[PDB]
Protein chains: 2
Amino acid sequence: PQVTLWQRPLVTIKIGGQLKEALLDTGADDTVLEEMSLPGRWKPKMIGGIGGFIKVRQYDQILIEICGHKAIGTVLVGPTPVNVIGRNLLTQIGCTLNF
Amino acid sequence: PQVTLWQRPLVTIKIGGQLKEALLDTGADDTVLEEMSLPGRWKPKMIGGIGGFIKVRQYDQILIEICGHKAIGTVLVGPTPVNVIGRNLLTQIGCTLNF
Ligand SMILES: Nc1cccc(CN2C(=O)N(Cc3cccc(N)c3)[C@H](Cc3ccccc3)[C@H](O)[C@@H](O)[C@H]2Cc2ccccc2)c1
């Protein structure tokens, strides 16, 4: 779809059986979700943002549906305020920025 | 133009007679730039990011040229580690997201 930026570019995602909403975020290199149960192994990671750093745990090879689109990648689950889909996944759903 | 998201979407801006690069950021509601000299007065505010919150200075009615397009808006200046152009200016230059 084409999305204009008058409102937050929010989308529905399905991850691990659960349905969420998440912000499409061109400025994020990574995807990070608030705490949710994911199965599997994970490794700790830390990421920086405005504000400072958070400790996060990294899951790889996670399937996500974003709108209908499926993709698989790394998701970081952590204490973010908002669930962010970052460039790692945006490339897979073919997302483009246009002006 | 069209920007894909395989690399970070940076653009040149001209702000306060100075030339900078910044990140086109659909997830950000506000424009936040690193410390620099803008003329004029400003109010303090704080903003939340990941990792927490920072205090910034709000300037209103500032001219910025983003990739050659001019815009006027609120810019926040403060301790970000990267310059971020958020939805308040992205909207003025007609930026769309699409997939
Ligand atoms: N790797 C990574 C993954 C996910 C998020 C971030 C860190 N980010 C933020 O903290 N933001 C707060 C931010 C940035 C600018 C303005 C505002 N209002 C908020 C928002 C996302 C956001 C988080 C929490 C609440 C709302 C939005 C912005 O939209 C994101 O692109 C980046 C901006 C950024 C900051 C530092 C370094 C690189 C990129 C980093």
# chains A, B, ... in the order shown; residues from 1 in each chain; ligands from 1
call {"tool": "calpha_fit_and_write", "arguments": {"fixed": "chain B", "moving": "chain A", "output": "mmCIF file with C-alpha atoms, in the first residue's frame"}}
result
data_model
loop_
_atom_site.group_PDB
_atom_site.id
_atom_site.type_symbol
_atom_site.label_atom_id
_atom_site.label_comp_id
_atom_site.auth_asym_id
_atom_site.auth_seq_id
_atom_site.Cartn_x
_atom_site.Cartn_y
_atom_site.Cartn_z
ATOM 1 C CA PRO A 1 13.770 10.135 -5.344
ATOM 2 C CA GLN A 2 12.863 6.634 -4.450
ATOM 3 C CA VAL A 3 14.987 5.146 -1.697
ATOM 4 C CA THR A 4 15.391 1.440 -0.888
ATOM 5 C CA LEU A 5 16.299 0.473 2.670
ATOM 6 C CA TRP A 6 19.451 -1.521 2.227
ATOM 7 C CA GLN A 7 21.410 1.335 3.546
ATOM 8 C CA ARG A 8 20.610 4.090 6.019
ATOM 9 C CA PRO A 9 18.325 6.559 4.321
ATOM 10 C CA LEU A 10 20.674 9.494 4.756
ATOM 11 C CA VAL A 11 20.121 12.890 3.216
ATOM 12 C CA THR A 12 21.809 16.324 3.089
ATOM 13 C CA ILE A 13 20.099 19.133 4.945
ATOM 14 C CA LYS A 14 20.821 22.790 5.242
ATOM 15 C CA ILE A 15 19.777 24.445 8.455
ATOM 16 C CA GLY A 16 20.933 27.770 9.756
ATOM 17 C CA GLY A 17 23.621 28.138 7.205
ATOM 18 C CA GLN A 18 25.209 24.790 8.038
ATOM 19 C CA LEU A 19 25.188 21.621 6.008
ATOM 20 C CA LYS A 20 24.448 18.291 7.695
ATOM 21 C CA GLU A 21 23.337 14.771 7.038
ATOM 22 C CA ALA A 22 20.309 13.329 8.617
ATOM 23 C CA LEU A 23 18.362 10.158 8.624
ATOM 24 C CA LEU A 24 14.885 10.048 7.219
ATOM 25 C CA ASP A 25 12.895 8.543 10.002
ATOM 26 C CA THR A 26 9.306 7.464 9.669
ATOM 27 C CA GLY A 27 9.124 6.296 13.221
ATOM 28 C CA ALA A 28 9.999 9.669 14.719
ATOM 29 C CA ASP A 29 7.250 12.114 15.367
ATOM 30 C CA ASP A 30 9.711 14.959 15.706
ATOM 31 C CA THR A 31 12.933 16.118 14.162
ATOM 32 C CA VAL A 32 15.907 16.208 16.435
ATOM 33 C CA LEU A 33 19.367 17.338 15.676
ATOM 34 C CA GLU A 34 22.520 17.170 17.653
ATOM 35 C CA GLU A 35 23.738 20.356 19.236
ATOM 36 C CA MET A 36 24.403 23.115 16.803
ATOM 37 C CA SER A 37 24.067 26.838 17.148
ATOM 38 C CA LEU A 38 20.708 28.066 16.235
ATOM 39 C CA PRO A 39 19.765 31.685 16.633
ATOM 40 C CA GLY A 40 16.685 32.681 18.466
ATOM 41 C CA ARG A 41 14.605 31.647 21.388
ATOM 42 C CA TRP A 42 13.895 28.115 22.323
ATOM 43 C CA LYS A 43 11.960 26.366 24.994
ATOM 44 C CA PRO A 44 13.033 23.251 26.905
ATOM 45 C CA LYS A 45 11.210 20.053 26.078
ATOM 46 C CA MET A 46 11.990 16.395 26.830
ATOM 47 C CA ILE A 47 11.461 13.540 24.505
ATOM 48 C CA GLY A 48 11.450 9.822 24.958
ATOM 49 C CA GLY A 49 13.162 7.246 22.843
ATOM 50 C CA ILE A 50 14.365 3.764 23.252
ATOM 51 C CA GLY A 51 16.810 4.156 26.034
ATOM 52 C CA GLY A 52 15.000 6.764 28.077
ATOM 53 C CA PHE A 53 14.483 10.473 27.805
ATOM 54 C CA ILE A 54 16.543 13.412 26.744
ATOM 55 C CA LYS A 55 16.143 17.058 27.536
ATOM 56 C CA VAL A 56 15.968 19.005 24.422
ATOM 57 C CA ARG A 57 15.438 22.508 23.431
ATOM 58 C CA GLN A 58 12.746 23.338 21.001
ATOM 59 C CA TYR A 59 12.972 25.893 18.196
ATOM 60 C CA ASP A 60 9.950 26.685 16.135
ATOM 61 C CA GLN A 61 9.635 28.074 12.659
ATOM 62 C CA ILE A 62 13.075 26.866 11.559
ATOM 63 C CA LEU A 63 13.670 26.723 7.843
ATOM 64 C CA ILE A 64 15.317 23.556 6.633
ATOM 65 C CA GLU A 65 16.300 22.463 3.190
ATOM 66 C CA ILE A 66 16.203 18.717 2.818
ATOM 67 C CA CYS A 67 17.542 17.664 -0.496
ATOM 68 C CA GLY A 68 16.405 20.759 -2.425
ATOM 69 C CA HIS A 69 13.128 20.919 -0.678
ATOM 70 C CA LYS A 70 12.427 23.709 1.729
ATOM 71 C CA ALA A 71 10.212 23.380 4.734
ATOM 72 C CA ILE A 72 9.763 25.221 8.011
ATOM 73 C CA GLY A 73 8.913 23.694 11.328
ATOM 74 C CA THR A 74 9.927 22.712 14.776
ATOM 75 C CA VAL A 75 13.329 21.258 15.384
ATOM 76 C CA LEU A 76 14.565 19.905 18.628
ATOM 77 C CA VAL A 77 18.280 20.301 19.217
ATOM 78 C CA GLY A 78 19.733 17.965 21.732
ATOM 79 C CA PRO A 79 22.060 15.125 22.673
ATOM 80 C CA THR A 80 20.980 12.590 20.079
ATOM 81 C CA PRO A 81 23.541 10.301 18.446
ATOM 82 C CA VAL A 82 22.142 11.010 15.006
ATOM 83 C CA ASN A 83 20.243 13.722 13.309
ATOM 84 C CA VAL A 84 16.740 12.521 12.638
ATOM 85 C CA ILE A 85 14.120 14.032 10.300
ATOM 86 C CA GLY A 86 10.776 13.055 11.662
ATOM 87 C CA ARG A 87 7.250 12.995 10.478
ATOM 88 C CA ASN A 88 6.613 16.627 11.120
ATOM 89 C CA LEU A 89 8.942 17.530 8.295
ATOM 90 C CA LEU A 90 8.501 14.447 6.196
ATOM 91 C CA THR A 91 4.934 15.430 5.542
ATOM 92 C CA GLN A 92 6.086 18.727 4.140
ATOM 93 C CA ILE A 93 8.489 17.327 1.692
ATOM 94 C CA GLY A 94 5.800 14.919 0.589
ATOM 95 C CA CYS A 95 7.474 11.805 1.713
ATOM 96 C CA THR A 96 5.576 8.517 1.419
ATOM 97 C CA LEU A 97 6.191 4.998 2.479
ATOM 98 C CA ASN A 98 5.461 2.345 -0.038
ATOM 99 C CA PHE A 99 5.182 -1.398 -0.173
#
call {"tool": "select_by_dssp", "arguments": {"residues": "chain A", "states": "strand (DSSP E or B)", "output": "PyMOL selection string"}}
result
chain A and resi 2-4+10-15+18-24+32-33+43-49+51-66+69-77+84-85+96-98
call {"tool": "select_by_dssp", "arguments": {"residues": "chain A", "states": "alpha helix (DSSP H)", "output": "PDB file with N, CA, C and O atoms, in the first residue's frame"}}
result
ATOM      1  N   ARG A  87      14.882  -1.746   9.355  1.00  0.00           N
ATOM      2  CA  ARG A  87      15.281  -1.967   7.978  1.00  0.00           C
ATOM      3  C   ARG A  87      15.614  -3.395   7.619  1.00  0.00           C
ATOM      4  O   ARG A  87      15.383  -3.840   6.500  1.00  0.00           O
ATOM      5  N   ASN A  88      16.082  -4.147   8.603  1.00  0.00           N
ATOM      6  CA  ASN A  88      16.271  -5.563   8.290  1.00  0.00           C
ATOM      7  C   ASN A  88      15.038  -6.290   7.736  1.00  0.00           C
ATOM      8  O   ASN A  88      15.102  -7.150   6.865  1.00  0.00           O
ATOM      9  N   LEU A  89      13.871  -5.908   8.231  1.00  0.00           N
ATOM     10  CA  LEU A  89      12.691  -6.594   7.712  1.00  0.00           C
ATOM     11  C   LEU A  89      12.042  -5.801   6.601  1.00  0.00           C
ATOM     12  O   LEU A  89      11.394  -6.325   5.705  1.00  0.00           O
ATOM     13  N   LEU A  90      12.249  -4.488   6.651  1.00  0.00           N
ATOM     14  CA  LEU A  90      11.592  -3.667   5.631  1.00  0.00           C
ATOM     15  C   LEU A  90      12.110  -3.953   4.240  1.00  0.00           C
ATOM     16  O   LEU A  90      11.395  -3.841   3.251  1.00  0.00           O
TER      17      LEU A  90
END
